[PDB]
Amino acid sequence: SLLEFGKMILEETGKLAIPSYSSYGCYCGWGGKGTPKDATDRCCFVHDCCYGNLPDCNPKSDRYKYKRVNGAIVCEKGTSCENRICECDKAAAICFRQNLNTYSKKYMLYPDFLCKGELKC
């Protein structure tokens, strides 16, 4: 679920999902179009594609379970949708962590008109 993803993001990065990642660049928090602005935005692009691989799943609301094995995220078995959603979220949280070194506040609340063009998954 979105709330679980937000908790995972905070655990991983030390940043609150809202507002650090809810309106960032062209793909974080609201998706759509444009060339991703930087590595963090590319994490969101891929996360959006990942959810897009699951047409008949409901990532915003469906809850999954996971544990930590030392720092590693381990998705625990639930329904097939839950397992796949968890793997999408885990990857995005790791990606955000890997790209904190280039996170830029200038991309928070990024305006929609600066995001044009389709980028295929």
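So that the term is clear: the rigid core is the largest set of C-alpha atoms that superpose within 1.5 Å between two forms. All residue numbers refer to positions in the sequence shown, first residue = 1.
- Note on 79-87 and 27-35: with rigid core alignment, C-alpha atoms in 8 other deposited structures of this protein sit farther from this form for 27-35.
- The mean C-alpha temperature factor is higher for 52-60 when 85-93 and 52-60 are set side by side.
- For the two regions 68-76 and 26-34, the entry's Cα B-factors average higher over 26-34.
- The entry lists a Cα temperature factor for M8 that places it in the lowest third of the chain's modelled residues.
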